[PDB]
Amino acid sequence: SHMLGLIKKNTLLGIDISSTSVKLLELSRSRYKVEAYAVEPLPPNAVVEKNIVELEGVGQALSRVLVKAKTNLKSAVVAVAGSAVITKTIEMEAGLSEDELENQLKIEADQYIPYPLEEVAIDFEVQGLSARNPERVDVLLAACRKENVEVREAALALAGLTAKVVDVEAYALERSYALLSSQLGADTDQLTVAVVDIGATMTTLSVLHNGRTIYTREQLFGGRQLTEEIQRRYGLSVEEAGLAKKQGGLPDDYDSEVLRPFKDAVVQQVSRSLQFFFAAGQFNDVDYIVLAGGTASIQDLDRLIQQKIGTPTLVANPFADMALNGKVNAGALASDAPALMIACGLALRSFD
Amino acid sequence: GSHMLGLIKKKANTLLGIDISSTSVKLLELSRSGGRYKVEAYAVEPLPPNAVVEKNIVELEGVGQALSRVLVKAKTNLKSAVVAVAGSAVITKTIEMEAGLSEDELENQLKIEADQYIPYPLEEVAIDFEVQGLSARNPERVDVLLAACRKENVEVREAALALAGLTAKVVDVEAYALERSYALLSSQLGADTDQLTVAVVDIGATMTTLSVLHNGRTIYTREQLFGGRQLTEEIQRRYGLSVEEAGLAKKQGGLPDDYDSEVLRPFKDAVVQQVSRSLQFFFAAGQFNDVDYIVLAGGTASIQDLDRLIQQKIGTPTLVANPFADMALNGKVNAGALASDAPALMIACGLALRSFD
Ligand SMILES: Nc1ncnc2c1ncn2[C@@H]1O[C@H](COP(=O)(O)OP(=O)(O)NP(=O)(O)O)[C@@H](O)[C@H]1O
Ligand SMILES: Nc1ncnc2c1ncn2[C@@H]1O[C@H](COP(=O)(O)OP(=O)(O)NP(=O)(O)O)[C@@H](O)[C@H]1O
Ligand SMILES: [Mg+2]
Ligand SMILES: [Mg+2]
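In order, the protein sequence lines correspond to chains E and F. Numbering follows our numbering, with no gaps: position 30 of the first sequence is 61. Numbering follows our numbering, with no gaps: position 94 of the second sequence is 144.
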């Protein structure tokens, strides 16, 4: 049987399918090491909200991120939104094997989960015997619609990839966030930290106390508001405008007429997100603010946010202590670091 | 399977590192938070004599209780553990098999055809394998790495763990565990473990093991019936002490003055002579003509200023193994006792380090 470990000699790809891009990350373990990484832009309306709509379009883009990454791995960990997952702890009969529970859960899930039985993808974990009654066990349940799973399974299939693990995004963030312990000066158990993930069309506040998420809020603020003022003012395309953010080269009036106002729009948004959280719970302050997402790469945006809020702020970098494959561009990776938090957390799932 | 789902927050649970040897049983529990490790629990429970002869468990009930007793001394709630068999118990061989066969299909055939590729009889073999890839000689066949041992070596350790309420999730090999713990010595060695070529000398009670480690991998292994019991036996005889008495005075001291010149010094030289021959055996065997470092392991490596002697007499930089140098410690863990037992826990640590690789 599989008690044997006579041979010392598995890693999975971290694939984050977003609305504007597909991100791939490969990790190894000894100390961690980045074997490969790539980001491939998506066609518009290919992924609306957190749902894949144009099936074949995502597949092609998924196929293109593989060649750009240039890897031989073919299994991957993908993530669904936490909004699609229902988590609850129920009581079931004791003395049942995991196979028996799984079967009964295929039969009787509709009673515990709001989704219609046909459409339920359920996951469970026996916590242990109920303290009250030795006849019953406490069973943790996490379920989502099979639609969320199958569409990602099919989308990965178009690139010859297989979904080894269907993870949840909030959990993957926690895993990669734990790698930030070095940069904060204490292990994350000590701290309550507000992670601000500033994407292209969405900004997310995630408060993590001792490593576990207590708060999540989302707003329609993002980096696309920055691009579209670049497109508009300078007559550049979506592709051209995006590079000008990284590469620069925009005329002198860029800072004062476009970038500085957007920074203020970021600061005001981060400020508003934090105020929503304070008035919604027991917490009166946060220890740190961690900027994540592509828009977090804006020069000295961390310093400005630190000023206007008064809370310690840093740009997320899960690859700070990691080693790098020679074929991985160290400069490119550093600039895309705060956008790879989710992709990093999915890749960290491989070692469990 | 149908569960391709990772919707529930995995525990990512660790395992106990249990090193069952001929004279003692050692336990170690590890965790990690940042880049720094932490010793959650550890205890050592001595074994009855003739309970484990050579690398074989002989008294099943006797081993289990000492195993069960260590748990309590360590005071841990973990019930799953990693145990290790000796590399001398493992046959390693690379064979060619039909291509296009699944992992499941190959294992089924390997259970029947085990006898053909392995020295052991069909009924008494525990076989492990890994597909490497297409064979170079013939692209129609695949290379499969085999590692196998006698089923008895595994089963008695599983049953012995069961009697203490423990489960052997992983049956490891002692040499691999040594490699994992040896990596932690990067700080003390003044160089990365990936670069250096190091001869690790594990001086036990009844067994001495030489392991040459180049870039992290084992290339050489030689064993001798030389050990620290030779020192303990001389203490028993000359001063009328018991095995327990002799062992305690070995560490704590307080014996009469003639002990150094007539007992301790001759044994020290006997240690140096032993290490000398092993390295000479190794240089006159393989391609290597010299090594960068010598790492002393086993409780006998705790002998005061023994490290300098071996270092001076051989002419190679030498260090006493301590895998808990950079590690953090649980409050319930004796920081002083661990230090004195540090070099003896190389194998037990590597068994616990199995979870973090
Ligand atoms: N160096 C940079 N400076 C400023 N902005 C950048 C930089 N690099 C990337 N961006 C912006 O970062 C955004 C992409 O962030 P990313 O986190 O990948 O979004 P997303 O989470 O994939 N999409 P969504 O969450 O659906 O809105 C793009 O709009 C870019 O404009
Ligand atoms: N302070 C000390 N100084 C010198 N020797 C010591 C000291 N403390 C313990 N020892 C001895 O170091 C020896 C090493 O023990 P250890 O290597 O754990 O035994 P073992 O390897 O389990 N048995 P074997 O399989 O025969 O090697 C023990 O026999 C102790 O007698
Ligand atoms: Mg995002
Ligand atoms: Mg030993």
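For every residue, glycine included, the Cβ atom is placed at its ideal position computed from N, Cα and C.
Next on the checklist: At a CB distance below 9 Å, what residues from the stretch 195-212 of chain F approach chain E? Give them in sequence order.
Outcome noted: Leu195, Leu196, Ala197, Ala198, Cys199, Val204 and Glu208
Item to check | Integer-rounded CB distance, given that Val109/E should sit under 8 Å from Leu379/E | outcome: No, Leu379/E and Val109/E are not in contact; Cβ-Cβ is about 14 Å, not under 8 Å.
Checklist entry - What's the gap between the Cα of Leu290/E and the Cα of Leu257/E? => result 7 Å
Item to check | Exposure label - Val79/E; buried when at least 16 CB within 10 Å | outcome: exposed
Item to check | Contact set for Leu86/E: own chain, Cβ-Cβ below 8 Å, skip 5 residues either direction | outcome: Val182, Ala185, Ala186 and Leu189
Checklist entry - Between which two residues does the beta strand (DSSP E) carrying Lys88/F extend? => result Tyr87 to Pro96
Checklist entry - Do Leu322/E and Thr344/E come within 8 Å of each other at the CB atom, strictly closer than that value? => result yes
Next on the checklist: Quick check on the DSSP output: the beta strand (DSSP E) that includes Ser213/E runs from which residue to which?
Outcome noted: In the DSSP annotation of this structure, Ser213/E is not part of any beta strand (DSSP E); the continuous alpha helix (DSSP H) holding it starts and ends at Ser212 to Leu215.
Checklist entry - Can you tell me whether DSSP reads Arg60/E as helix, strand or coil? => result The DSSP-derived three-state label of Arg60/E is strand.
Next on the checklist: Using a Cβ-based criterion (distance less than 7 Å to any ligand heavy atom), does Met257/F qualify as near ligand 2?
Outcome noted: yes
Item to check | Stretch-stretch touch, CB-based, cutoff 8 Å, three pairs: the stretch 152-171 of chain E with the stretch 57-65 of chain F | outcome: Touching, yes, given that three or more Cβ pairs across the two stretches are closer than 8 Å.
Next on the checklist: Against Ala194/E, what residues of chain F qualify as contacts under a CB-to-CB distance less than 9 Å, listed in chain order?
Outcome noted: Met54
Checklist entry - So is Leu403/F in contact with chain E if we call contact Cβ pairs under 8 Å? => result no
Checklist entry - By how many angstroms is the C-alpha of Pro72/E removed from the C-alpha of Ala233/F? => result 41 Å
Checklist entry - Does residue 414/F get closer than 8 Å to chain E when you measure Cβ to Cβ? => result Any question about residue 414/F goes unanswered here, given that chain F covers just 51 to 407.
Item to check | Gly324/E in three-state terms, based on DSSP | outcome: coil
Checklist entry - Should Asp198/E be listed as close to ligand 3, given that the test is whether its C-beta is under 7 Å from any heavy atom? => result no
Item to check | Test item: CB-CB of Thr247/E and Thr235/E under 8 Å | outcome: yes
Next on the checklist: At the level of alpha carbons, what is the spacing between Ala77/E and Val192/F?
Outcome noted: 41 Å
Next on the checklist: Below 7 Å on C-beta distance, what does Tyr226/F contact in chain E?
Outcome noted: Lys39
Checklist entry - Going by other Cβ atoms of all chains shown within 10 Å of its Cβ, with 16 needed for buried, is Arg267/F buried or exposed? => result exposed
Next on the checklist: To the nearest angstrom, how far is the alpha carbon of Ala149/F from that of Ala194/E?
Outcome noted: 25 Å
Checklist entry - Quick one: complete alpha helix (DSSP H) runs, 4+ long, within the stretch 285-326 of chain E? => result 291-309
Next on the checklist: Rounding to the nearest angstrom, what Cα-Cα distance links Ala198/F and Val221/F in this structure?
Outcome noted: 12 Å
Next on the checklist: Below 7 Å, is the gap between the Cβ of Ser49/E and the nearest heavy atom of ligand 3?
Outcome noted: yes
Checklist entry - Comparing alpha-carbon positions, which option in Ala351/E, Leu251/E and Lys358/E lies nearest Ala368/E? => result Considering only alpha carbons, the answer is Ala351/E.
Next on the checklist: Between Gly381/F and chain E, is the shortest Cβ-Cβ distance under 8 Å, so that the two count as touching?
Outcome noted: At least 8 Å separates the CB of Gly381/F from every CB of chain E.
Checklist entry - Anyone know if the C-beta pair for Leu239/E and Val227/E falls short of 8 Å? => result no
Next on the checklist: On a Cα-Cα basis, can you pick out the residue from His53/F, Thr64/F, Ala62/F and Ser83/F that is closest to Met377/F?
Outcome noted: Of the listed residues, the one whose Cα sits closest to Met377/F is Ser83/F.
Item to check | Proximal residues of chain E, C-beta to C-beta of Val221/F below 9 Å | outcome: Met34, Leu35, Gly36 and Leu37
Next on the checklist: List, from N- to C-terminal side, the alpha helix (DSSP H) runs of 4 residues or more that fit wholly inside the stretch 225-285 of chain E.
Outcome noted: 255-265 and 269-278
Item to check | Where the stretch 60-79 of chain F meets chain E: residues whose CB sits under 7 Å from a CB there | outcome: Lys60 and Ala62
Next on the checklist: With a threshold of 8 Å, are at least 3 pairs of Cβ atoms found where one atom belongs to the stretch 253-271 of chain E and the other to the stretch 306-314 of chain E?
Outcome noted: no
Checklist entry - Since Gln166/F is in the alpha helix (DSSP H), which residue starts that stretch and which ends it? => result Annotation: the continuous alpha helix (DSSP H) that includes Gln166/F extends over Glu153 to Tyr167.
Next on the checklist: I need the DSSP call for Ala198/F, collapsed to helix, strand or coil.
Outcome noted: strand
Checklist entry - Looking only at its own chain, which residues have a Cβ that is under 8 Å from the Cβ of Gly357/E, when we skip the five neighbours before and after it? => result Contacts found: none.
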